[PDB]
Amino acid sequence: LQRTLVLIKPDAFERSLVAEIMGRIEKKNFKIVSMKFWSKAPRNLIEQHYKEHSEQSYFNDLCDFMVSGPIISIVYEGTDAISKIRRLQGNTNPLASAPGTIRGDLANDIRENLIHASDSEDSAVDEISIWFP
């Protein structure tokens, strides 16, 4: 019975997919506990959110993209919410993600991938405290 952190990503708004995405998680019976809409997220928050990735080649590109448009931070709650939402999310790679998943049905790029979901209890607590202090 955990809580997880999701980010509806800028490309979701660009392609008008916000409702479709959220609705998938909603149809899977998870509940909303918190929700904040950011027209433009503060870069600090984005940097923290992705700190484990600060050394990679795509960091600066990813940070740029995460602020290229609005974003919704959601906290969902449900039995084993973290691992279950990560399955709905789908693989980061457009050559891996299964048809049926959010990324498999709707995303076609390794970066513009519509949705973030906490990968673990640790990262989930950490991420929740960032978007919801």
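Position 1 is the first residue in the sequence shown; the rest follow in order.
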- Task: On mean C-alpha B-factor from the PDB entry, just flag whether 21-29 or 117-125 is the higher one.
- Result: 117-125
- Message: I'd like to know which of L88, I71, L95, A107 has the highest C-alpha temperature factor in the PDB entry.
- Response: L95
- Query: Lowest, middle or highest third: where is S39 by Cα B-factor in its chain?
  - Reply: middle
- Task: Looking at the entry's B-factor column for C-alpha atoms only, identify whether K84 ranks in the lowest, middle or highest third of its chain.
- Result: middle
- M66's Cα B-factor: lowest, middle or highest third of the chain? middle
- Cα B factor band for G100 (lowest, middle or highest third within the chain): lowest
